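Chemist: this one is an experimental structure. Sequence first:
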Amino acid sequence: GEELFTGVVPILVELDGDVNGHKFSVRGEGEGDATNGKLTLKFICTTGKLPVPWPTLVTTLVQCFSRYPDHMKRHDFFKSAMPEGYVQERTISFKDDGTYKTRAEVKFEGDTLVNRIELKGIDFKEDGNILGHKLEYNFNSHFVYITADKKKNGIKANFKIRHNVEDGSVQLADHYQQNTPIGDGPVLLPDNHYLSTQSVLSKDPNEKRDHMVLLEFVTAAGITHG
């Protein structure tokens, strides 16, 4: 598993979504450099106009590209599931607003790491921060707490995403995540630890389509050396 990530790996992301009856698709392409924890991707809304704010999709749109330091190699579930990959499911509850539920498969297709997602969102308020497009086009850094689910041969993650709002308030998005290998081969079940994330969101001046340029660094931590 770890051997597949020693260099720069091309990435394809494909998302189909439906939020309050507003359907959309997003296609992302770029590359991942797990050695440095670095993702560079550009996403296009392939159905035209994205009906939700781009930052609310960042977490759904490849934790196998986290940098696990050598003393933590034993705790990298994500890469150990490769190339056959893993299923990633979440419930994302936007405080005072609706919920996303997502199911994704992350695996190699040829030499490309591919994340294919279906997202369903319900119960959003027409005038809330999401359907109202009141979120800033930016992203915060988070503490993503990983724990093993030993009886499901997989992991769980819990974290609270902070989406900055245009009036200076914050929109919270509680994330409940479960990952399960796709194949039958053995995987690593980690001790408790966290993924330390940071992201920046930008635009391509030459892009006429609705899009998002994303740069992201993630490093694993939380286990003492030795």
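Modeler: Sure thing, it's come through. Numbering: from 1, shown residues only.

Chemist: what kind of secondary structure is the closest residue to residue 199 other than its chain neighbours in?
Modeler: Excluding its sequence neighbours, the residue lying closest to residue 199 (C-beta to C-beta, 6 or more residues apart in numbering) is residue 139, at 4.0 Å. Any C-beta I mention is one placed from the backbone N, CA and C, and that applies to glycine too. For residue 139, the secondary structure call by DSSP: H, G, I helix; E, B strand; the rest coil comes out as coil.

Chemist: how many residues are close by residue 139?
Modeler: Neighbour count of residue 139, defined by other C-beta atoms under 10 Å: 22.

Chemist: what's it in contact with, if anything?
Modeler: Each residue near residue 139 by C-beta atoms under 8 Å, 6 or more residues apart in numbering is listed here: 55, 58, 199-201.

Chemist: chain center to stretch 25-45: distance?
Modeler: 10 Å (C-alpha atoms, centre = their mean, to the nearest Å).

Chemist: hmm, back to that, restricted to strands, list the contacts of residue 139.
Modeler: The strands, defined by DSSP state E, take in 199-201 from the contacts of residue 139.

Chemist: in the protein, which residue is closest to the centre?
Modeler: residue 59 (3.3 Å; C-alpha atoms, centre = their mean).

Chemist: might one say that that one is in contact with residue 176?
Modeler: No. Contact between residue 59 and residue 176 fails when scored by C-beta atoms under 8 Å: they sit 11.5 Å apart.

Chemist: need the residues touching each of those two.
Modeler: 90, 92.

Chemist: so who does residue 129 touch?
Modeler: Residue 129 neighbours (C-beta under 8 Å, 6+ apart): 53, 94, 97, 135, 163, 165, 171.

Chemist: for the second one, which non-adjacent residue is closest in space?
Modeler: To tie it back to what came earlier, the one meant is residue 94. In this structure, residue 94 finds its nearest non-sequential neighbour in residue 173, 5.1 Å apart by C-beta to C-beta, 6+ apart.

Chemist: helix, strand or coil for the one you found?
Modeler: Under three-state DSSP, residue 173 falls in the strand class.

Chemist: and for it, the neighbour number?
Modeler: Applying other C-beta under 10 Å, we find 22 residues neighbouring residue 173.

Chemist: beta partners of it?
Modeler: According to DSSP bridges, the residues that bridge with residue 173 are residue 94, residue 161.

Chemist: would you mind measuring from it to residue 37?
Modeler: 22 Å (C-beta to C-beta, to the nearest Å).

Chemist: just residue 63 next, same as before
Modeler: 10 Å.

Chemist: hang on, the earlier thing: list just the nearest of the contacts of residue 129 to residue 225.
Modeler: residue 163 (34.5 Å; C-beta to C-beta).

Chemist: still on that earlier bit, for the residue nearest to the centre of the chain, list the residues it contacts.
Modeler: Here residue 59 is in contact with 90, 92, 161, 173, 175 (criterion: C-beta under 8 Å, 6+ apart).

Chemist: nearest to residue 45, of those residues?
Modeler: Distance to residue 45 across the contacts of residue 59 (C-beta to C-beta) is lowest for residue 92, with 18.8 Å.

Chemist: element containing the closest one?
Modeler: Here residue 92, judged by DSSP states H and E, is contained in strand 86-94.

Chemist: just give me the neighbour total for the residue nearest to residue 73 when sequence neighbours are not counted.
Modeler: Nearest residue to residue 73, sequence neighbours excluded (C-beta to C-beta, 6+ apart): residue 2, at 6.8 Å. If you count neighbours by other C-beta under 10 Å, residue 2 ends up with 14.
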